[PDB]
>>> print(open('model11.cif').read())   # mmCIF, C-alpha atoms
data_input
#
loop_
_atom_site.label_atom_id
_atom_site.label_comp_id
_atom_site.auth_asym_id
_atom_site.auth_seq_id
_atom_site.Cartn_x
_atom_site.Cartn_y
_atom_site.Cartn_z
CA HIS A 1 -39.39 137.26 150.71
CA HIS A 2 -39.13 141.05 150.21
CA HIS A 3 -38.22 144.54 151.56
CA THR A 4 -39.53 148.15 150.99
CA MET A 5 -37.12 151.14 151.42
CA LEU A 6 -37.03 154.63 153.09
CA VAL A 7 -34.39 157.14 151.87
CA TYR A 8 -33.46 159.80 149.22
CA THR A 9 -29.74 160.79 148.80
CA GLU A 10 -26.32 159.28 149.78
CA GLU A 11 -24.20 161.60 151.98
CA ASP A 12 -27.19 162.23 154.24
CA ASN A 13 -28.45 158.65 154.19
CA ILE A 14 -25.27 157.18 155.63
CA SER A 15 -26.54 159.52 158.33
CA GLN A 16 -30.12 158.32 157.97
CA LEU A 17 -28.69 154.81 158.24
CA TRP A 18 -27.46 155.39 161.79
CA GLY A 19 -30.68 156.92 163.07
CA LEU A 20 -32.28 153.66 161.98
CA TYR A 21 -29.81 151.65 164.08
CA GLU A 22 -30.05 154.04 167.01
CA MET A 23 -33.83 153.60 166.98
CA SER A 24 -33.21 149.83 167.12
CA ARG A 25 -31.56 150.37 170.50
CA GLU A 26 -34.13 152.82 171.80
CA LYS A 27 -36.87 150.33 170.97
CA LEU A 28 -34.84 147.74 172.86
CA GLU A 29 -34.75 149.78 176.03
CA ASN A 30 -38.56 149.99 176.23
CA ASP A 31 -38.50 146.18 176.09
CA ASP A 32 -40.15 146.24 172.65
CA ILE A 33 -37.97 143.59 171.02
CA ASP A 34 -39.78 142.87 167.76
CA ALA A 35 -39.67 146.55 166.87
CA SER A 36 -35.94 146.47 167.47
CA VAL A 37 -35.46 143.43 165.28
CA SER A 38 -37.55 145.12 162.57
CA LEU A 39 -35.40 148.25 162.77
CA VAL A 40 -32.24 146.13 162.78
CA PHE A 41 -33.31 144.12 159.72
CA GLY A 42 -34.43 147.36 158.11
CA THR A 43 -30.96 148.80 158.64
CA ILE A 44 -29.35 145.75 156.98
CA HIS A 45 -31.61 145.70 153.94
CA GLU A 46 -31.13 149.45 153.59
CA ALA A 47 -27.34 149.27 153.70
CA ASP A 48 -27.62 146.66 150.96
CA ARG A 49 -29.46 149.05 148.65
CA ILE A 50 -26.90 151.72 149.52
CA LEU A 51 -24.35 149.19 148.32
CA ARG A 52 -25.69 148.06 144.96
CA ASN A 53 -26.79 151.62 144.05
CA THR A 54 -23.49 153.50 144.60
CA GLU A 55 -21.11 154.10 141.70
CA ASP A 56 -17.96 153.30 143.59
CA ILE A 57 -17.90 151.19 146.76
CA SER A 58 -14.39 152.24 147.79
CA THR A 59 -15.99 155.67 148.08
CA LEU A 60 -18.26 154.59 150.95
CA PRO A 61 -17.00 155.87 154.39
CA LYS A 62 -15.72 153.97 157.41
CA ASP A 63 -18.86 155.14 159.25
CA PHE A 64 -20.99 153.12 156.79
CA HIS A 65 -19.33 149.75 157.31
CA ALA A 66 -19.65 150.41 161.04
CA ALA A 67 -23.42 150.96 160.89
CA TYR A 68 -23.82 147.86 158.69
CA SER A 69 -21.57 145.81 161.02
CA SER A 70 -23.22 147.13 164.16
CA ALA A 71 -26.59 146.13 162.68
CA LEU A 72 -25.49 142.61 161.84
CA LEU A 73 -24.24 142.24 165.43
CA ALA A 74 -27.66 143.31 166.70
CA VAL A 75 -29.13 140.24 165.00
CA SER A 76 -26.82 137.92 166.94
CA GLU A 77 -27.91 139.74 170.11
CA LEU A 78 -31.60 139.28 169.45
CA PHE A 79 -31.20 135.94 167.68
CA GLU A 80 -33.57 134.31 170.15
CA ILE A 81 -36.42 136.27 168.51
CA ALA A 82 -34.96 137.26 165.15
CA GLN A 83 -34.28 133.66 164.10
CA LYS A 84 -37.99 133.13 163.49
CA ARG A 85 -37.73 135.28 160.36
CA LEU A 86 -34.69 133.49 158.96
CA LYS A 87 -34.28 130.22 157.06
CA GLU A 88 -33.95 127.10 159.21
CA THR A 89 -30.19 127.34 158.62
CA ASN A 90 -28.60 130.48 160.15
CA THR A 91 -27.00 130.87 163.56
CA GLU A 92 -26.10 133.41 166.22
CA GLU A 93 -22.40 132.85 165.63
CA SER A 94 -22.72 133.29 161.86
CA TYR A 95 -24.01 136.81 162.46
CA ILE A 96 -21.25 137.62 164.92
CA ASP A 97 -18.97 136.35 162.17
CA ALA A 98 -20.75 138.50 159.58
CA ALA A 99 -20.54 141.55 161.87
CA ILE A 100 -16.81 140.98 162.17
CA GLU A 101 -16.33 140.50 158.43
CA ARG A 102 -18.30 143.55 157.25
CA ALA A 103 -16.66 145.71 159.95
CA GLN A 104 -13.18 144.74 158.78
CA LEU A 105 -13.99 145.65 155.18
CA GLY A 106 -14.37 149.28 156.21
CA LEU A 107 -10.79 149.35 157.47
CA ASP A 108 -9.71 150.44 153.97
CA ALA A 109 -12.63 152.75 153.21
CA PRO A 110 -11.98 156.46 153.92
CA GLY A 111 -13.46 158.45 156.81
CA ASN A 112 -13.47 158.93 160.57
CA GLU A 113 -12.66 155.61 162.22
CA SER A 114 -14.21 156.11 165.65
CA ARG A 115 -17.49 154.34 164.86
CA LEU A 116 -15.82 151.54 162.90
CA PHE A 117 -13.37 150.77 165.74
CA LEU A 118 -16.10 150.43 168.37
CA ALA A 119 -17.95 148.24 165.86
CA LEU A 120 -14.94 145.98 165.57
CA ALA A 121 -14.04 145.68 169.25
CA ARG A 122 -17.67 144.84 169.97
CA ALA A 123 -18.01 142.09 167.33
CA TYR A 124 -14.63 140.70 168.45
CA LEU A 125 -15.53 140.49 172.13
CA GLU A 126 -18.87 138.91 171.21
CA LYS A 127 -16.97 136.27 169.23
CA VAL A 128 -14.98 135.64 172.41
CA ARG A 129 -18.07 134.98 174.52
CA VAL A 130 -19.45 132.53 171.97
CA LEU A 131 -16.03 130.91 171.52
CA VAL A 132 -15.80 130.31 175.24
CA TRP A 133 -19.22 128.66 175.21
CA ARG A 134 -18.25 126.42 172.30
CA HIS A 135 -15.11 125.35 174.17
CA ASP A 136 -17.33 124.06 176.97
CA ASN A 137 -20.13 122.29 175.08
CA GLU A 138 -18.63 121.34 171.76
CA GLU A 139 -16.47 118.28 172.06
CA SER A 140 -14.31 119.03 169.06
CA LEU A 141 -12.81 121.82 171.16
CA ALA A 142 -12.85 120.19 174.59
CA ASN A 143 -9.04 119.90 174.50
CA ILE A 144 -7.97 123.09 172.80
CA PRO A 145 -7.01 125.45 175.68
CA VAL A 146 -9.57 128.23 175.92
CA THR A 147 -6.80 130.86 176.12
CA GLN A 148 -5.21 129.58 172.92
CA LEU A 149 -8.66 129.80 171.37
CA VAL A 150 -10.01 133.23 172.30
CA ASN A 151 -6.75 135.14 172.70
CA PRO A 152 -6.25 136.09 169.01
CA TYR A 153 -9.66 137.79 169.33
CA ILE A 154 -9.02 139.48 172.69
CA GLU A 155 -5.81 140.82 171.17
CA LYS A 156 -7.73 142.33 168.25
CA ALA A 157 -10.41 143.79 170.51
CA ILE A 158 -7.84 145.56 172.71
CA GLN A 159 -6.18 146.75 169.51
CA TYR A 160 -9.14 148.91 168.45
CA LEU A 161 -10.26 149.75 171.97
CA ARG A 162 -6.96 151.40 172.96
CA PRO A 163 -7.31 154.23 170.40
CA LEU A 164 -10.83 155.00 171.63
CA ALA A 165 -9.75 155.32 175.28
CA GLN A 166 -7.14 157.94 174.37
CA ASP A 167 -8.27 161.50 175.02
CA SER A 168 -7.30 162.33 171.44
CA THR A 169 -10.38 160.41 170.28
CA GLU A 170 -13.09 162.84 171.37
CA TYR A 171 -16.68 161.84 172.27
CA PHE A 172 -19.15 160.46 169.69
CA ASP A 173 -22.90 159.63 169.69
CA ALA A 174 -22.45 155.90 169.32
CA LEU A 175 -20.27 155.50 172.41
CA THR A 176 -23.18 154.88 174.76
CA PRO A 177 -23.31 153.09 178.12
CA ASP A 178 -25.15 150.38 176.15
CA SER A 179 -22.74 150.26 173.23
CA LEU A 180 -20.11 149.31 175.80
CA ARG A 181 -21.83 146.27 177.35
CA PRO A 182 -19.51 143.83 175.51
CA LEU A 183 -16.68 145.21 177.66
CA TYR A 184 -18.10 143.02 180.38
CA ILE A 185 -16.74 140.04 178.43
CA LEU A 186 -13.23 141.47 178.41
CA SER A 187 -13.37 142.09 182.17
CA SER A 188 -14.43 138.59 183.24
CA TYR A 189 -11.97 137.12 180.76
CA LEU A 190 -9.05 138.92 182.42
CA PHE A 191 -10.63 137.70 185.67
CA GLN A 192 -10.45 133.95 185.04
CA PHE A 193 -7.30 133.87 182.94
CA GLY A 194 -5.40 136.59 184.76
CA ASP A 195 -2.63 134.45 186.24
CA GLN A 196 -1.23 134.46 182.70
CA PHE A 197 -1.00 138.18 182.07
CA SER A 198 1.61 140.57 183.49
CA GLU A 199 0.36 142.92 186.20
CA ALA A 200 1.43 145.71 183.85
CA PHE A 201 -0.77 144.28 181.10
CA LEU A 202 -3.69 143.76 183.49
CA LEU A 203 -3.28 147.36 184.47
CA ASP A 204 -3.02 148.75 180.95
CA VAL A 205 -6.27 147.11 179.85
CA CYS A 206 -8.27 147.41 183.10
CA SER A 207 -7.68 151.15 182.60
CA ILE A 208 -8.74 151.27 178.96
CA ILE A 209 -12.04 149.76 180.07
CA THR A 210 -12.44 152.19 182.96
CA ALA A 211 -11.58 155.11 180.67
CA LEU A 212 -14.21 154.15 178.09
CA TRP A 213 -17.14 153.61 180.45
CA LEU A 214 -16.69 157.09 181.89
CA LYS A 215 -16.23 158.67 178.47
CA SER A 216 -19.58 157.25 177.28
CA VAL A 217 -21.24 159.28 180.00
CA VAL A 218 -19.12 162.42 179.73
CA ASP A 219 -21.86 164.86 178.76
CA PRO A 220 -22.97 166.37 182.10
CA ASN A 221 -26.62 166.01 181.13
CA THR A 222 -26.63 162.31 180.33
CA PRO A 223 -29.87 161.14 181.95
CA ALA A 224 -29.14 159.71 185.40
CA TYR A 225 -30.30 156.28 184.20
CA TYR A 226 -27.31 156.01 181.87
CA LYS A 227 -24.79 157.50 184.27
CA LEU A 228 -25.68 154.61 186.58
CA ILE A 229 -25.21 151.90 183.95
CA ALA A 230 -21.61 153.09 183.52
CA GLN A 231 -20.53 154.01 187.08
CA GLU A 232 -21.69 150.57 188.18
CA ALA A 233 -19.32 149.16 185.59
CA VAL A 234 -16.43 151.31 186.73
CA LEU A 235 -17.14 150.30 190.32
CA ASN A 236 -17.31 146.61 189.39
CA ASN A 237 -13.94 147.21 187.74
CA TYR A 238 -12.30 148.99 190.67
CA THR A 239 -13.47 146.38 193.20
CA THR A 240 -12.38 143.49 190.98
CA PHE A 241 -8.85 144.94 190.83
CA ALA A 242 -8.76 145.44 194.60
CA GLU A 243 -9.90 141.85 195.04
CA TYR A 244 -7.09 140.89 192.68
CA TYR A 245 -4.40 142.32 194.96
CA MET A 246 -6.10 140.99 198.10
CA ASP A 247 -5.97 137.48 196.61
CA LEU A 248 -2.20 137.38 196.05
CA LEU A 249 -1.62 139.41 199.20
CA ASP A 250 -2.47 136.37 201.32
CA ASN A 251 -0.45 134.12 198.98
CA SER A 252 2.59 136.36 199.25
CA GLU A 253 5.18 134.70 197.01
CA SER A 254 6.68 138.22 197.03
CA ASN A 255 5.83 139.10 200.68
CA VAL A 256 5.66 142.81 199.78
CA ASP A 257 4.13 145.36 202.17
CA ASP A 258 3.78 147.34 198.93
CA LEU A 259 0.83 145.51 197.40
CA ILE A 260 -1.42 146.09 200.38
CA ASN A 261 -0.72 149.77 199.78
CA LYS A 262 -1.68 149.25 196.16
CA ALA A 263 -5.05 147.54 196.81
CA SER A 264 -6.04 150.21 199.32
CA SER A 265 -6.13 153.04 196.78
CA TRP A 266 -8.21 150.79 194.51
CA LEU A 267 -10.81 150.44 197.26
CA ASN A 268 -11.06 154.17 197.89
CA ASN A 269 -11.57 154.51 194.18
CA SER A 270 -14.46 152.15 194.85
CA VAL A 271 -15.77 154.19 197.75
CA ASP A 272 -15.54 157.30 195.63
CA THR A 273 -17.37 155.79 192.67
CA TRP A 274 -19.93 154.35 195.08
CA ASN A 275 -20.90 157.75 196.46
CA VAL A 276 -21.32 158.84 192.86
CA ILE A 277 -23.79 156.03 192.27
CA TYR A 278 -25.51 156.56 195.64
CA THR A 279 -25.99 160.14 194.50
CA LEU A 280 -27.68 159.40 191.17
CA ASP A 281 -29.80 156.73 192.88
CA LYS A 282 -30.24 156.93 196.66
CA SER A 283 -31.94 153.52 197.05
CA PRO A 284 -31.07 152.33 200.59
CA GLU A 285 -30.26 148.73 199.71
CA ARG A 286 -27.04 150.05 198.10
CA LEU A 287 -25.73 150.64 201.60
CA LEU A 288 -24.83 146.98 201.82
CA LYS A 289 -22.23 147.28 199.05
CA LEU A 290 -20.77 150.32 200.83
CA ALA A 291 -20.59 148.05 203.85
CA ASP A 292 -18.90 145.40 201.68
CA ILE A 293 -16.11 147.77 200.62
CA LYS A 294 -15.58 149.06 204.14
CA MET A 295 -15.07 145.52 205.41
CA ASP A 296 -12.71 144.70 202.52
CA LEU A 297 -10.84 147.87 203.60
CA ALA A 298 -10.53 146.97 207.28
CA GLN A 299 -9.31 143.52 206.29
CA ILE A 300 -6.05 144.96 204.92
CA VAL A 301 -5.37 148.33 206.58
CA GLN A 302 -2.24 148.22 208.74
CA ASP A 303 -3.13 149.61 212.19
CA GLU A 304 -5.92 148.35 214.47
CA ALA A 305 -7.23 151.87 215.06
CA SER A 306 -8.34 152.10 211.45
CA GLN A 307 -9.64 148.53 211.10
CA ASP A 308 -11.80 149.15 214.12
CA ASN A 309 -12.91 152.32 212.36
CA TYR A 310 -13.74 150.83 208.96
CA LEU A 311 -15.78 148.12 210.65
CA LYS A 312 -17.68 150.73 212.69
CA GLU A 313 -18.73 152.28 209.36
CA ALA A 314 -19.80 149.07 207.65
CA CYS A 315 -21.74 148.23 210.81
CA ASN A 316 -23.55 151.57 210.67
CA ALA A 317 -24.12 151.12 206.95
CA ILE A 318 -25.99 147.87 207.49
CA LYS A 319 -27.92 149.23 210.51
CA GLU A 320 -29.11 152.17 208.43
CA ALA A 321 -29.77 149.89 205.46
CA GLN A 322 -32.15 147.99 207.73
CA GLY A 323 -33.37 151.12 209.49
CA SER A 324 -34.85 151.91 206.08
CA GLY A 325 -36.63 148.63 205.48
CA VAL A 326 -33.99 146.44 203.90
CA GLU A 327 -34.27 142.84 205.08
CA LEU A 328 -30.76 141.82 206.11
CA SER A 329 -29.50 138.49 204.76
CA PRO A 330 -28.06 136.14 207.39
CA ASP A 331 -24.46 137.21 206.68
CA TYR A 332 -25.21 140.85 207.40
CA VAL A 333 -27.35 140.19 210.44
CA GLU A 334 -24.71 138.12 212.22
CA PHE A 335 -22.21 140.87 211.47
CA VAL A 336 -24.19 143.72 213.02
CA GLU A 337 -24.70 141.44 216.01
CA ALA A 338 -21.08 140.36 216.13
CA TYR A 339 -19.59 143.85 216.03
CA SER A 340 -21.77 145.42 218.75
CA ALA A 341 -20.34 142.72 221.07
#
>>> encode(input="model11.cif", output="structure tokens")
Amino acid sequence: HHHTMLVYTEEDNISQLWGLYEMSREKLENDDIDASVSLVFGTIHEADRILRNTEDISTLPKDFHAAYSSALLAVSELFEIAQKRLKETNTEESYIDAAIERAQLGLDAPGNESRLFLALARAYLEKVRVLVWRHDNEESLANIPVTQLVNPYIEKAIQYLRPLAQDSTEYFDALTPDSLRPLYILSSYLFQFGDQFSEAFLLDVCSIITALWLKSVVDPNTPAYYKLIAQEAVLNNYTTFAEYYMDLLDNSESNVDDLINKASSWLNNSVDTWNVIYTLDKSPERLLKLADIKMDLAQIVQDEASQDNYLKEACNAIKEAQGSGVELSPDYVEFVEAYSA
């Protein structure tokens, strides 16, 4: 039924305001959730004071509405726990809604837009995840086509993401491998409902995503932990695109020798990014996914000399993976056995 406050002046407390949110996320990483919720709620209550107490609101910067938005969204993320402090009436989706609303308000406000855009595209994508769930379990929506439903939101998310991917928008603190997690929602959405989007479109977006993940980990000294979080994502992206081409390659309505040539380069982009991950984390169980790509590569390459070669590498990958104490699942064991025959 109350809230105490920690600040002193305006220009440097829109800055204070972010530190508070940032701390929310740092407390999250150490698994301390309640602390995070307390920081998140703090941030909200504090932005409220900042609101009432300023002389003109239209003065307040884009970067403020972003912080405020990004804090509201954090409640929907930790709603499981945070709901225990709220009236018996609020909901995860209402906060995603709030986050969207407050973010949008800053569109007019003056200031750098980088933070506010990320704040939007995040809230939007999060509304898409929830919307998809509602389509499946709410019966009001059981017959509204899920594309019809979530598209308007995907469209908006892409809209603010595109600017950020551009090299013109240079790096900023709040573009972190974590801040980008919602991008996972955009990926698996293009995955299900892809047979509805032009290959050019699919390519435009699935490159905006790739671009962003890498850019969040640009600074050469990003701790290796974070570099991993992002490279994994880029890998997941590259492989998913290669598996896209491989899927219609066997269908072959177009019968083009071209699109085997297209998928190939996507899988070397996966082998590349893999070695980057294997470098920041040399765990030997990873070898199985290097095997996985090799096999996917032999399954399309033209000439038998190369197929035979790719397989000989995936075979060695799994042998070594086991030679270092990984317990091979059945699939892998009856591959190693099958090749050496």
>>> residues_around(input="model11.cif", residues="residue 66 (chain A)", least_positions_apart="5", cutoff="6 Å", atoms="only C-alpha atoms", output="ChimeraX atom specification")
/A:103,115-116,119
>>> resolve_selection(input="model11.cif", expression="the PyMOL selection byres ((chain A and resi 288-304) around 9)", output="PyMOL selection string")
chain A and resi 239+242-243+246+260-261+263-264+267-268+270-271+274-275+284-287+305-318+321+328+332
>>> atom_distance(input="model11.cif", atom1="CA of residue 109 (chain A)", atom2="CA of residue 62 (chain A)")
5.4 Å
>>> atom_distance(input="model11.cif", atom1="CA of residue 232 (chain A)", atom2="CA of residue 276 (chain A)")
9.5 Å
>>> closest_residue(input="model11.cif", among="A:134, A:87, A:181, A:215", to="residue 122 (chain A)", atoms="only C-alpha atoms")
A:181
>>> resolve_selection(input="model11.cif", expression="the PyMOL selection byres ((chain A and resi 49-57) around 12)", output="PDB file with C-alpha atoms, keeping the file's coordinate frame")
ATOM      1  CA  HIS A   3     -38.220 144.540 151.560  1.00  0.00           C
ATOM      2  CA  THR A   4     -39.530 148.150 150.990  1.00  0.00           C
ATOM      3  CA  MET A   5     -37.120 151.140 151.420  1.00  0.00           C
ATOM      4  CA  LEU A   6     -37.030 154.630 153.090  1.00  0.00           C
ATOM      5  CA  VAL A   7     -34.390 157.140 151.870  1.00  0.00           C
ATOM      6  CA  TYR A   8     -33.460 159.800 149.220  1.00  0.00           C
ATOM      7  CA  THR A   9     -29.740 160.790 148.800  1.00  0.00           C
ATOM      8  CA  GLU A  10     -26.320 159.280 149.780  1.00  0.00           C
ATOM      9  CA  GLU A  11     -24.200 161.600 151.980  1.00  0.00           C
ATOM     10  CA  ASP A  12     -27.190 162.230 154.240  1.00  0.00           C
ATOM     11  CA  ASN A  13     -28.450 158.650 154.190  1.00  0.00           C
ATOM     12  CA  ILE A  14     -25.270 157.180 155.630  1.00  0.00           C
ATOM     13  CA  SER A  15     -26.540 159.520 158.330  1.00  0.00           C
ATOM     14  CA  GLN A  16     -30.120 158.320 157.970  1.00  0.00           C
ATOM     15  CA  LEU A  17     -28.690 154.810 158.240  1.00  0.00           C
ATOM     16  CA  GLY A  42     -34.430 147.360 158.110  1.00  0.00           C
ATOM     17  CA  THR A  43     -30.960 148.800 158.640  1.00  0.00           C
ATOM     18  CA  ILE A  44     -29.350 145.750 156.980  1.00  0.00           C
ATOM     19  CA  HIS A  45     -31.610 145.700 153.940  1.00  0.00           C
ATOM     20  CA  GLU A  46     -31.130 149.450 153.590  1.00  0.00           C
ATOM     21  CA  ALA A  47     -27.340 149.270 153.700  1.00  0.00           C
ATOM     22  CA  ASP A  48     -27.620 146.660 150.960  1.00  0.00           C
ATOM     23  CA  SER A  58     -14.390 152.240 147.790  1.00  0.00           C
ATOM     24  CA  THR A  59     -15.990 155.670 148.080  1.00  0.00           C
ATOM     25  CA  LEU A  60     -18.260 154.590 150.950  1.00  0.00           C
ATOM     26  CA  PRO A  61     -17.000 155.870 154.390  1.00  0.00           C
ATOM     27  CA  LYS A  62     -15.720 153.970 157.410  1.00  0.00           C
ATOM     28  CA  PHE A  64     -20.990 153.120 156.790  1.00  0.00           C
ATOM     29  CA  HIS A  65     -19.330 149.750 157.310  1.00  0.00           C
ATOM     30  CA  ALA A  67     -23.420 150.960 160.890  1.00  0.00           C
ATOM     31  CA  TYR A  68     -23.820 147.860 158.690  1.00  0.00           C
ATOM     32  CA  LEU A 105     -13.990 145.650 155.180  1.00  0.00           C
ATOM     33  CA  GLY A 106     -14.370 149.280 156.210  1.00  0.00           C
ATOM     34  CA  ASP A 108      -9.710 150.440 153.970  1.00  0.00           C
ATOM     35  CA  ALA A 109     -12.630 152.750 153.210  1.00  0.00           C
ATOM     36  CA  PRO A 110     -11.980 156.460 153.920  1.00  0.00           C
TER      37      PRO A 110
END
>>> resolve_selection(input="model11.cif", expression="the PyMOL selection byres ((chain A and resi 164) around 8)", output="PyMOL selection string")
chain A and resi 114+117-118+160-163+165-167+169+212
>>> atom_distance(input="model11.cif", atom1="CA of residue 19 (chain A)", atom2="CA of residue 75 (chain A)")
16.9 Å
>>> closest_residue(input="model11.cif", among="A:326, A:125, A:229, A:214", to="residue 182 (chain A)", atoms="all atoms listed in the file")
A:125
>>> residues_around(input="model11.cif", residues="residue 131 (chain A)", least_positions_apart="6", cutoff="10 Å", atoms="only C-alpha atoms", output="MDAnalysis selection string")
chainID A and resid 93 125 138 141 146 149:150 153
>>> residues_around(input="model11.cif", residues="residue 25 (chain A)", least_positions_apart="2", cutoff="10 Å", atoms="only C-alpha atoms", output="NGL selection string")
:A and (19-23 or 27-33 or 35-37 or 39-40 or 74 or 178-179)
